[PDB]
4 protein chains.
Amino acid sequence: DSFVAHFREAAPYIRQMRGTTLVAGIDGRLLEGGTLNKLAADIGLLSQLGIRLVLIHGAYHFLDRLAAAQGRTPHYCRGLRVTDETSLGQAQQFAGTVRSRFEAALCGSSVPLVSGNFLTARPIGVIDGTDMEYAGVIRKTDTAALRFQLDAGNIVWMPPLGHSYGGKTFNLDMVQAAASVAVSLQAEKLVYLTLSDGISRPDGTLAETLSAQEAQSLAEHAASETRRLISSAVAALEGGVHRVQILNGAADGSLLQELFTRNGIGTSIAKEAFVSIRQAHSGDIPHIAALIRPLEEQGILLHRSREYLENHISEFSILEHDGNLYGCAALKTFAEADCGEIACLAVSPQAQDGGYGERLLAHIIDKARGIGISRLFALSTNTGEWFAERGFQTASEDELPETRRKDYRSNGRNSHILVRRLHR
Amino acid sequence: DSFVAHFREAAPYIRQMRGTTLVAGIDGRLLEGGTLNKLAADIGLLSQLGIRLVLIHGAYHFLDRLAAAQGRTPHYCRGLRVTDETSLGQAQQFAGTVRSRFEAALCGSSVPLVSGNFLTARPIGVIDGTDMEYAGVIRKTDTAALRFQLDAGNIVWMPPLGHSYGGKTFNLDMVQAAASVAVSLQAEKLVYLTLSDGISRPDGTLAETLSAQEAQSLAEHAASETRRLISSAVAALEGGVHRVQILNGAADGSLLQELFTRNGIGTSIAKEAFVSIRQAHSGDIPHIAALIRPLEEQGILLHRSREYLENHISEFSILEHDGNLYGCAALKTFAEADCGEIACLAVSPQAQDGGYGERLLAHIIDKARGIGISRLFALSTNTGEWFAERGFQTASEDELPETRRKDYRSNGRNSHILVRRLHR
Amino acid sequence: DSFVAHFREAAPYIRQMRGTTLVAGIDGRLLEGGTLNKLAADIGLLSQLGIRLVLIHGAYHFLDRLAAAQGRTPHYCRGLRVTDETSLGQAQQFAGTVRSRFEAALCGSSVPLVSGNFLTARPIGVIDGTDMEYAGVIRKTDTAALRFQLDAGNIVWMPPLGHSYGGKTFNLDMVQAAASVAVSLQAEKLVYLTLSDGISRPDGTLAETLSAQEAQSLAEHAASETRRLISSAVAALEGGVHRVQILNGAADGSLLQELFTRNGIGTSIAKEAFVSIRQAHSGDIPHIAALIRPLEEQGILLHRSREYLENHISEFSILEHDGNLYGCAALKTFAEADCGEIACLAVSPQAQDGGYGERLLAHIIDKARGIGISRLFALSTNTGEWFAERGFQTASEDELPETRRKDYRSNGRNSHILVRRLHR
Amino acid sequence: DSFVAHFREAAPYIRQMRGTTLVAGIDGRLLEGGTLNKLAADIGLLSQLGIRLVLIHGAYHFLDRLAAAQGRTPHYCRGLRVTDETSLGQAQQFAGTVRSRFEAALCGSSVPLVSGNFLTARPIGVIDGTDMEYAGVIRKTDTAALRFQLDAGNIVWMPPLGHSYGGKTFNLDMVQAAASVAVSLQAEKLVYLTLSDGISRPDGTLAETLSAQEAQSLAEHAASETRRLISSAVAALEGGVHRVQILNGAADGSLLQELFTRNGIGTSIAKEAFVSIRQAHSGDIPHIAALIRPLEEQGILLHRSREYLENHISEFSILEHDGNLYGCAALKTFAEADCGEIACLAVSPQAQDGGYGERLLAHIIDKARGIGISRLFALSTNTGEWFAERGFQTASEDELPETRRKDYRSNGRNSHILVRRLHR
Ligand SMILES: CC(=O)SCCNC(=O)CCNC(=O)[C@@H](O)C(C)(C)COP(=O)(O)OP(=O)(O)OC[C@H]1O[C@@H](n2cnc3c(N)ncnc32)[C@H](O)[C@@H]1OP(=O)(O)O
Ligand SMILES: CC(=O)SCCNC(=O)CCNC(=O)[C@@H](O)C(C)(C)COP(=O)(O)OP(=O)(O)OC[C@H]1O[C@@H](n2cnc3c(N)ncnc32)[C@H](O)[C@@H]1OP(=O)(O)O
Ligand SMILES: CC(=O)SCCNC(=O)CCNC(=O)[C@@H](O)C(C)(C)COP(=O)(O)OP(=O)(O)OC[C@H]1O[C@@H](n2cnc3c(N)ncnc32)[C@H](O)[C@@H]1OP(=O)(O)O
Ligand SMILES: CC(=O)SCCNC(=O)CCNC(=O)[C@@H](O)C(C)(C)COP(=O)(O)OP(=O)(O)OC[C@H]1O[C@@H](n2cnc3c(N)ncnc32)[C@H](O)[C@@H]1OP(=O)(O)O
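Summary of conventions: residues on each chain are numbered from 1 in written sequence order, possibly unlike the entry numbering, and any residue without coordinates is omitted from what is shown. Chain letters and ligand numbers both follow the written order, the letters beginning at A and the numbers at 1. A larger assembly contains the chains displayed, and the values given here are confined to that displayed part. Excluded from the side-chain calculation are hydrogens and water; included are all heavy atoms of the structure.

A. Quick peek at the interface of chain D and chain A. Only heavy atoms matter for contacts: two residues are in contact if any of them lie within 4.5 Å across the pair. Facing 32 residues of chain D, the contacting portion of chain A comprises 32 residues. Accessible area that two parts lose when put together, with a 1.4 Å probe and added across both, is what the buried area reports. For the pairing of chain D and chain A, the buried interface totals around 2400 Å² over both sides, and the portion due to carbon and sulfur atoms is 53%. Each salt bridge in this description consists of a side-chain nitrogen of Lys or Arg and a carboxyl oxygen of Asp or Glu lying within 4 Å of one another. Counting the contacts that link chain D with chain A gives 0 salt bridges. Polar contacts here mean pairs of N or O atoms no more than 3.5 Å apart (in protein, one a potential hydrogen donor and the other a potential acceptor; neighbouring residues in sequence count only if both atoms are side-chain atoms). Run the count over chain D and chain A and you get 14 residue pairs in polar contact. Each helix corresponds to a stretch of at least 4 residues labelled H or I by DSSP, and each strand to a stretch of at least 2 residues labelled E; elements are numbered beginning at the N terminus. Looking at the side of chain D that touches chain A, the elements with two or more residues in it are helix 4 (85-107), strand 5 (113-116), helix 5 (143-151) and strand 11 (161-163) of chain D.

B. Geometry of the relation of the copies chain D and chain A. All copies share one frame, set by a least-squares fit on their C-alpha atoms. When chain D is fitted to chain A, the residual RMSD is 0.0 Å, and the transformation amounts to a turn of 180° plus an axial shift of 0.0 Å. Both chain copies can therefore be described as sitting about a two-fold axis. In this assembly, 100% of the residues forming the interface of chain D have copies in chain A that are likewise at the interface, indicating an isologous arrangement.

C. A look at the site of ligand 3. Residues and elements named next belong to chain C. Here a residue is near a molecule or strand as soon as one of its heavy atoms is found within 4 Å of it. Of all residues adjacent to ligand 3, which total 25 residues, the nearest are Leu345, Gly355, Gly357, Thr383 and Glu385. Separating an oxygen atom of ligand 3 from a backbone N or O atom of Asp353 is a distance of 2.9 Å. For the shell around ligand 3, the secondary structure elements donating two or more residues are strand 20 (339-347), helix 12 (356-370), strand 21 (375-380) and helix 13 (384-388). Counting residues per element, the shell around ligand 3 draws most heavily on strand 20, at 6 residues.

D. Examining the UniProt feature "binding site: acetyl-CoA" (unreviewed entry) in chain A more closely. Residues and elements named next belong to chain A. UniProt positions are given in the numbering used here, feature names are shortened, and annotations may be inferred rather than shown by experiment. According to UniProt, the positions carrying the feature "binding site: acetyl-CoA" (unreviewed entry) are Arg139, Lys140, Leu345, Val347, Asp353, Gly355, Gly357, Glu358, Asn382, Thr383, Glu385 and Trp386. Spatially, the listed residues are scattered: they cover 248 residues, and their C-alpha atoms lie as much as 53.0 Å apart. Note on placement: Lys140 falls in strand 9 (residues 136-141). In this structure, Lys140 is in contact with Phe118, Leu119 and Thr120, ignoring residues within four places of it in sequence. Examined against the element boundaries, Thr383 turns out to sit in the loop between strand 21 (375-380) and helix 13 (384-388).

E. A look at unusual backbone geometry. We note that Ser109 of chain A has phi near 120°; this positive angle belongs to a residue other than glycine. Only protein chains enter the calculation, and the probe is 1.4 Å; a residue is then buried if its accessible area is under 20% of its type maximum, exposed if over 50%, and partly exposed in between. Looking at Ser109 of chain A, the relative accessible area reads 82%, which means it is exposed. If you check the backbone angles, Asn414 of chain C has positive phi at about 65° while not being a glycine. Tracing the sequence through the fold places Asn414 of chain C in the loop between helix 14 (402-411) and strand 23 (416-421).

F. Layout of helix 6 (residues 174-185) of chain C. Residue and element names in this part refer to chain C. The terminal C-alpha atoms of helix 6 lie 16 Å apart, and with 12 residues this matches the ideal 16 Å at 1.5 Å per residue to within 8%. Among the residues of helix 6, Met174, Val175, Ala177, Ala178, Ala179, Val181, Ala182 and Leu185 are the ones counted as buried. One side-chain oxygen at the N-terminal end of helix 6 lies 3.3 Å from the backbone nitrogen of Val175; it belongs to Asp173. Looking one or two residues past helix 6, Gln186 carries a phi angle of roughly 45°, positive in sign. By this rule, a helix spans an expected 1.5 Å times one less than how many residues it contains.

G. Quick peek at the interface of chain B and chain D. Taken together, the 8 residues of chain B in the interface contact 10 residues of chain D. For the pair chain B and chain D, the two sides together bury roughly 690 Å², of which 36% comes from carbon and sulfur. Where chain B touches chain D, the interface holds 1 salt bridge. The closest approach of N and O atoms between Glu389 of chain B and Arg139 of chain D, which form a salt bridge, is 3.8 Å. The tally of links between chain B and chain D comes to 5 residue pairs in polar contact. Classifying every residue of the side of chain B that touches chain D by side-chain character gives no nonpolar, 5 polar and 3 charged. Each residue is assigned to one class: nonpolar for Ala, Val, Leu, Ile, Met, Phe, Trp, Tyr, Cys and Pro, charged for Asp, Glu, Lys and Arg, and polar for all the others, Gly among them.

H. Highlighting the UniProt feature "binding site: L-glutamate" (unreviewed entry) in chain A. Residues and elements named next belong to chain A. Taking the UniProt record as the reference, the feature "binding site: L-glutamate" (unreviewed entry) is found at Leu302, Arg304, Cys344, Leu379, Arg404 and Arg413. Looking at the element boundaries, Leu302 is found in the loop between helix 10 (285-298) and helix 11 (306-311). Among the residues examined, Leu302 registers a relative accessible area of 27% and is labelled partly exposed. Sequence-distant contacts of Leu302, that is, excluding residues within four places in its chain, are made with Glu296, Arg404, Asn411 and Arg413. Mapped onto the fold, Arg413 is located in the loop between helix 14 (402-411) and strand 23 (416-421).

I. Highlighting the pairing of strand 1 (residues 21-26) of chain B. Residues and elements named next belong to chain B. Taken across its 6 residues, strand 1 has 6 buried, putting it largely inside the fold. Judged by which residues are buried, strand 1 turns out to be covered on both faces: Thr21, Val23 and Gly25 on one side and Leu22, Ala24 and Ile26 on the other are all buried. Of the pairings in the sheet, the one linking strand 1 to strand 2 (residues 52-57) comprises 6 bridges and is parallel in character. Note on strand 2: the bridge partner recorded for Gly25 is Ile56. Here, a strand pair is defined by DSSP locating no fewer than two bridges between the strands.

J. Looking closely at the site of ligand 2. Close to ligand 2 lie 28 residues, the nearest being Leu345, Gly355, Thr383 and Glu385 of chain B together with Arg139 of chain D. Around ligand 2, the nearby residues trace back to chains B and D. Within the side chain of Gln352 of chain B, an N or O atom sits 3.2 Å from an oxygen atom of ligand 2. A distance of 2.9 Å separates an oxygen atom of ligand 2 from a polar backbone atom of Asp353 of chain B. In isolation ligand 2 has 970 Å² of accessible area, and contact with the protein removes 85% of it. When residues of the shell around ligand 2 are traced back to their parent elements, those giving at least two are strand 20 (339-347), helix 12 (356-370), strand 21 (375-380) and helix 13 (384-388) of chain B together with strand 9 (136-141) of chain D. Accessibility throughout is a Shrake-Rupley quantity obtained with a 1.4 Å probe, and a residue counts as covered only by protein chains that appear here.

K. Quick look at the sheet that holds strand 18 (residues 316-321) of chain D. All names here are of chain D. Ordered by their spatial adjacency, 7 strands build an open sheet running 17-18-19-20-21-23-22, and the pairing between neighbours is mixed. Looking at the sheet topology across the chains shown, the edges are occupied by strand 17 (277-279) and strand 22 (393-394). Sheet topology places strand 19 (residues 324-333) next to strand 20 (residues 339-347); 6 bridges connect them, and they run antiparallel. If you follow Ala330 over to strand 20, its bridge partner there is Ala343. Angular values range over 0 to 180 degrees, each being the angle between N-to-C directions of two axes fitted as lines to C-alpha atoms, with helices fitted over their stretch in contact. Sheet contacts for helix 10 (residues 285-298): strand 18, strand 19 and strand 20; angle to strand 19, the most-contacted strand, approximately 80°.

L. Representation of the packing of helix 4 (residues 85-107) of chain B against helix 4 (residues 85-107) of chain C in the model. The geometry of helix 4 of chain B relative to helix 4 of chain C is characterised by a closest axis approach of 7 Å and an angle of 115° between their N-to-C directions. When you trace helix 4 of chain B past helix 4 of chain C, the crossing you get is right-handed. Where helix 4 of chain B approaches helix 4 of chain C, its residues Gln92, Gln93, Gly96, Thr97, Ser100 and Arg101 of chain B are matched on the opposing element by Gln92, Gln93, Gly96, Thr97, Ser100 and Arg101 of chain C. A per-class count over the contact of helix 4 of chain B with helix 4 of chain C returns no nonpolar, 10 polar and 2 charged. Helix crossings fall into two classes, left-handed where the near helix is turned counterclockwise from the far one by less than a right angle and right-handed where it is turned clockwise.

M. Region of interest: the packing of helix 5 (residues 143-151) of chain B against helix 6 (residues 174-185) of chain B. Residues and elements named next belong to chain B. Put simply, helix 5 and helix 6 touch, their axes get as near as 10 Å, and they point 80° apart. By the angle between their directions, the pair helix 5 and helix 6 is classed as roughly perpendicular. Every residue of helix 6 that contacts helix 5 at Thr143, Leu146, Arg147 and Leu150 is listed here: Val181, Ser184 and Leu185. Across the contact of helix 5 with helix 6, the residue classes break down as 4 nonpolar, 2 polar and 1 charged. Here the word oblique covers every angle except those under 35 degrees (roughly parallel), over 145 (roughly antiparallel) and from 65 to 115 (roughly perpendicular).

N. View of the pattern of salt bridges. In the structure shown here, the tally under the stated rule is 74 salt bridges over all chains. The salt bridge involving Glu296 of chain D is made with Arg304 of chain D; its shortest N-O contact spans 3.3 Å. Put simply, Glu358, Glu389 and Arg390 of chain A together with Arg139 of chain C are held in one network by salt bridges that share partners.

O. Spotlight on the environment of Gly384 of chain C. Note that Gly384 of chain C resides in helix 13. For the pair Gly384 of chain C and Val156 of chain C, spaced 228 residues apart in sequence, the C-alpha separation works out to 46 Å.

Take a look at the structure:
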């Protein structure tokens, strides 16, 4: 396509990304090739787009390439690496070489790039009888110092090294340091730049998009690296990060196609907040009734009756939490097999504006869809735009299921009629 | 091309545009069609890219469409419009309709849009025996209030109306109000969104790019509208604005192809700052000598002699200002017709870092080019990167004109050799 | 009176008003006459006095004056107006004419006047079988943007128009948009500038001052306009606004006599926070005792006994909330019919400094007054200034009821004696 | 001595140092021993005292210790080092090792330590036929970014590496990078932490304190390292830095004894601003007269006469600049060989408050001292505290030289008499 079409397409993701914080965990193999200049460039552009950037790199592969050419051999414990005085010192050397190169790359094709003692570490200790030695884990992150640099527009660069109040240095594991930092910052996005195109399903298909549950249930039969990825990405979400992404940092332009297209190129994982939605049974009716009543009084919801609810309780769903009731929604069906209607959508006012509404709408569409309904109607006197913004188009009475067209004519409410199509 | 290629291409213009101020003078016919939704959209995106926006619209065409359907007829004096109480009142109505529509357009496909009493006007008075009445000209612009809103990230919307301390309103001419506002703000860019694709040359070719001089000399045989455009665009430059652009605000996506491509779609006008560059004659030598001397002393410039300068004065150019001498540069030629060399490039240290250097380099390339030289060498001990950043590639001794290869070998300076190709 | 006396009288209301936020809902008939220049002037002065101003106007009457001269006729549903595409467009025109005129008025006899997309609207929908069409209600107010402009000292101007994320405009009802905005801002004062001198009582007397209850109970027999006024003013209070005022915006200088005199010219409505105050019965004594005890221990409250409380429980009042007890206060009476004494005033320390103290004092004066007491004494060892600041003057022992003069002499406490007069 | 005496002595240097900027150029041998923990500690304390710190280290000695153990050998050109791709890469490694260790040292016995791309470099080029290769010199310092970090209280750490807009890295020479940075910042103090105790005189005595002139004239017979030190320290002063210090960064606590004692431990160099002070001859009298006159008129300066000036012109000194006259001061002598008096001290009012006054006082004391005067009197009606703050004690008439005691008695001015002692 044309430039204007590309830019206009990017446009809504530029709006989303702006003034947002992105933690990038970068595999340290990317900090070497022509993959570096490409990456530095793309990172400069993300700066220019008003994305707050915290970049973390790893050092493990560099550490093995040395451990294999020096005679010595690497030891790993749950995926963490035993690091001694020696590998520690080399990891300090690498940090410096890679910071200086990333800066020349960035500067060379000025963007403000900053680096600081933000992390205090502490040794992992001993895992499973094995002393990890100088392997560390972040103990404290100066979250205020970091925000401070990010407020000023600076890009933050972190090596995988932290210090302790004993004057020692420890080698952090990047995959879990990035997820720790993202959580502290409450970064909207954690991005893992790997050498592989996302996370594959059981039959070799790339998982475009996963819940934290589906990510979880993939790891059971996944390689160990991708299980550590998944584990960190899940804890990041759990700790508040809104979205983690896995990309191939080696594939040219990937970061940009990730962030700024509907499509993308790796894997994106998000967590579902909890919402018990179930079939109403008849113990809910007083609960439903008291929710629904003042809305009927207000002219918002169709005059009902309790005996209706009792004989139609099977078409209701309720949303709850700690056994209290925060939402309801009904599915009506018609002589026409292809039609349904969502009716009686209602969220407790104190619990409004958190997405309960939506969650109930979604659940009614899944219900509709499982019985072969492809057209969902909503008739609303006072609430149509809510459905208009959520996929519903305007319709006519002459468009209703025939008996609904009747009720509508005789109810006198003159509500606005709207439909959504639902796909197989 | 691909998305990534488009975005990577935009990238350096996103860097230029960012935190920069753009005044847009918008023809009020654009505020009506599907040209409005397209424009509002593109303007929202420029916001999202961190461009400070001041938008001004005109009302003249709306005013005539009324003046032609109401019976009355428009009168114009130098291109300014006589506006009475009545047309004044309609122009107030239009402002409101067009502000409200631009806001619905913008909001509807939230970006912060602000509008204020920034302008105090005063009547133009009487031109050429003709009373302009309620035609106004900006008398004072609250430049601090404006910056203030722009600092906060707000987009500024202005109607073509200002008030006076007598409690009257006047109808501003948009083309010149925008240029006045841009000048007050010292906006880096003034953009005129018109219904025509830029400014045409004598044979119907679009003028991609003009100096303020070339714009000027076009207007002699130009239509009156485009002469008023040109006149305002010239005064804007003169008053400090760095770049004015003329586009077709009706052609879909034009603003975006303007700002964010090497190419573009309308006309871009810029002003040449003054620089007397001429052939040295022999009254300059003491001037050149005293400039050049301490650089030779420092090992920066080739050991010279005065008798050299006297017998080679014809290959020197000097840069001056108020009769003082701020730069010099030489062109050497060789047995090879295709070769030249820039030597003895030198700017007075007090006058450095304003582009004098560059201006002398440019002038030497134009000189070289007019005698059929296509390869310009520079040999520099201490200054090569200056030429490297300005189009010069690295070369070998074996690449020099043969006699230059000799001198080089026997001078012992071991300088870095660099060439630039020059096109016909 | 003299200038100095007027200014010195204004003075304490200038102190109250300063740095405070006032939302003004302005009837759009005022935006036309010589009532405009007068109003603009007075509003400029309120600016100069450091009052944060948000001004909203209505458009309904303008809309009818058109709907009556164009042939068409207005329809109203609960007092809201059905507005179509056409009246919508005229309402956009009016906004522009009236904003521009208010600005010329203000500027013309410079004060910073700002206007923005602060309001997102949504259609009211269908009321009572009737489609309101383009009638809107505020869905979201950019409360941060507003504060931001108000922080900088800007006066905010709002038309009665909001947009939706569908790119549509809707006509807001001013009386309820102003009350919505005031609530969002938590404005200390909402002011309705009407064409009538406040709100009349059942016999044509102007209600100077009303509780939200008394406003409420007036509306039962009130005209429909004044019932909508009252309804919005009540919800504004309920939602947190401290004071709503109704004035005649057409009566010259009214706003200034409202704000800055003890008197005023329209109607001022305020809401009573809740305080269950009742007669103690004997189930309170352990509650009273435990409150009062540590104060006796501290020398603050007269040594008592439980058998006293039991035989005098009828002279106590208690203040409660959720059945817990937060205050007590006693009324003593004397051989002298004209005398009372407030004794044993005590507020739970955790519940102090919210006006409970005062509420109990007030309730004791109402009690005293209903039995024909015109002189209330308070004898306080440690707390006299509290009574001194609340209407109590210093007195002598020789001033006490005779038997109180006795007890006082023999109790030895040497407390400070103070009286307040109470009127019929 | 006691703690309290030490702290009270430090006290006035803590006041001087506070909110002041200190650039420390650190020899990279200090970044290794137990000299590191000692230094990190002392630097943490300077932070805690509110000193803004920019720290720069060198890498040359590390580079030779490698160049001597790897086979290769170092080349130096004017003291700058030829650095190739290889040594460049090692210098990147060293930076990282030394930054990480300095941070563990500092953290380990949390103070905010920051590091950034503040420096853009460019190759030195070719010196004296010799290509320096990857040897760099700072081209641009982001002085705003630096101040920004320093404003926030952060300590700035710089390696001796900068980048260019070509994406290359270059090895800066620390001694001259520190002096460049200090000048950009206008740091009050540049401190060189070396392995030697300051700068020695011709006979092995440590130069406690030097003018930039005396530093200069030492370098003629100084070792080459100390000549480069001296040269950078002089240009730093010349460029605006107020004080440069040379210490032994290896001698325990030296930095603290430098900054915070009257004494110190290395060498401190400062520059004398220019002041032509000379003997008045008789071409000055109209100049002196016009200066002195309005002060006599004001009662500030003793009534004089021109014929006095003409016959006493030899006891006057004048201060000038571009041949204009900005100060005068006289030395009187007496029958008592041990006494002098400064009289007629006067600075042009436009040129006041820049230290001219002082410079003239100093010059008169040097004059006095060279003729064997050990007691300088000043008699001032209106100006005594100026002399009181500058070493003069209060005295009596009975203390004056006998004939001065006479004049004083008969002049009637009743001025305040003050003396200063002057040492051999
Ligand atoms: C066919 C039918 O069922 S018609 C009956 C529909 N039910 C009602 O009208 C009952 C009263 N209103 C409610 O209960 C509203 O909560 C609901 C049901 C419409 C939405 O429930 P919520 O839990 O608030 O849903 P959710 O959080 O996903 O949506 C919230 C958003 O809906 C928007 N919304 C809510 N009311 C309306 C409305 N009447 N018009 C337009 N938008 C609205 C809210 O402003 C909020 O906006 P935002 O995303 O910019 O914050
Ligand atoms: C072939 C030959 O003629 S070799 C002899 C070249 N002459 C010299 O070296 C003389 C001493 N230096 C000068 O006179 C420098 O001014 C010149 C001639 C190189 C440039 O002149 P200016 O008027 O400063 O030119 P202009 O303003 O267009 O260029 C300024 C930019 O050049 C950069 N520049 C200047 N010196 C150098 C250098 N030695 N190395 C790299 N960049 C440099 C400046 O830092 C400035 O950077 P910026 O754009 O990021 O601010
Ligand atoms: C005659 C008699 O009853 S004497 C016995 C009076 N009772 C006591 O002294 C009991 C201990 N103190 C209390 O219980 C105090 O709460 C009371 C009863 C005096 C006031 O009750 P509150 O609920 O705090 O009353 P309210 O909120 O209306 O008054 C609060 C104000 O009273 C002021 N106030 C409270 N104590 C005193 C005092 N001893 N002296 C002066 N002012 C005081 C508070 O500082 C507060 O000041 P503000 O308006 O500048 O914030
Ligand atoms: C013995 C005799 O010669 S008596 C005659 C002395 N001459 C006068 O009184 C002439 C009028 N005043 C002057 O000419 C003043 O400039 C002088 C001569 C006293 C000082 O000259 P300057 O160039 O200002 O000297 P310098 O800059 O070193 O001293 C400036 C400081 O002196 C202080 N100072 C100046 N006047 C006085 C005074 N009358 N009393 C106390 N302090 C003073 C200034 O406030 C300034 O204060 P700072 O250091 O806190 O800024």
